Amino acid sequence: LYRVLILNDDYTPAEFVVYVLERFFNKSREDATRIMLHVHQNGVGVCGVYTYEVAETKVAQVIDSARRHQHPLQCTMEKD
Amino acid sequence: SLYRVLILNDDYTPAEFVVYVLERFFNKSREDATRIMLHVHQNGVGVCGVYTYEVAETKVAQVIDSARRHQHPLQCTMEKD
Ligand SMILES: [Mg+2]
Ligand SMILES: [Mg+2]
């Protein structure tokens, strides 16, 4: 399986990161907030764990959403 | 439970210092250190090693200490493996 990560940056609004986590990773508001804070403080955080193709899909959906909303948010994946 | 130690890319820390860190604190061969350094540059983040919780914390701390004493903002953290 493969974990999907988001990386911190100084441009993407916190509220957008929460939105991404809720929408694309089905996080509750509190859990999304938790992960958003963790990424802000530590530079990176885990959004979910999926089979390879599904991880690729989620990474792509996040990047598509971010860029269309004019945010440079970086999303990537690693073997879990 | 084991924990992976990660570094994050930045635009300031020199490539050669990252290789030095990988060799000094994570027992990487020159080739592996170079490849991880390049991977982090390309991907934004990369895995330095996997250790028990407290050893991972120790490595993270040693990297931050070394980086700041070398005048570099290199970010290092850990996650459950
Ligand atoms: Mg694992
Ligand atoms: Mg990771």
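Below, each value reflects all heavy atoms present in this structure, side chains not excepted, and no hydrogens, waters or symmetry copies. In what follows, chains carry the letters A, B, and so on, assigned in the order in which the sequence lines appear, proteins first and then strands, with residues in each chain numbered from 1. We count ligands from 1, going down the list as the structure has it; atoms in each ligand are counted the same way.
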Hits for side-chain contact (heavy atoms from CB on, under 4.5 Å) against A:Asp31, two or more places apart or cross-chain, chain-then-number order -> A:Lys27, A:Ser28, A:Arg34, A:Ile35
Provide the tally of protein N/O/S atoms nearer than 2.8 Å to the Mg ion (ligand 2).
2
Looking only at heavy atoms, what is the nearest atom pair of B:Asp81 and A:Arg3, with distance?
C-NH2, 3.3 Å
Which residue pairs satisfy the salt bridge (charged side-chain N to carboxylate O under 4.0 Å, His left out) criterion with at least one member in residues 51-65 of chain A, sequence neighbours excluded?
A:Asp64-A:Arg68
List the atom pairs, with distances to 0.1 Å, where a side-chain N or O of residues 5-21 of chain B and a protein N or O form a donor-acceptor pair under 3.5 Å, not counting sequence neighbours.
from: B:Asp10; atom 1: OD1; to: B:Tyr12; atom 2: N; distance (Å): 2.7
from: B:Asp10; atom 1: OD1; to: B:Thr13; atom 2: N; distance (Å): 2.7
from: B:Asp10; atom 1: OD1; to: B:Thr13; atom 2: OG1; distance (Å): 3.3
from: B:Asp10; atom 1: OD2; to: B:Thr13; atom 2: OG1; distance (Å): 2.9
from: B:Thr13; atom 1: OG1; to: B:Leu74; atom 2: N; distance (Å): 3.3
from: B:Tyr20; atom 1: OH; to: B:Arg24; atom 2: NH1; distance (Å): 2.5

What is the minimum heavy-atom distance between B:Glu79 and A:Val46, and which atoms define it?
OE1-CG2, 3.6 Å
Specify the closest pair of heavy atoms between B:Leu22 and B:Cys48, including all atoms of both residues, with the distance to one decimal.
CD2-SG, 3.8 Å
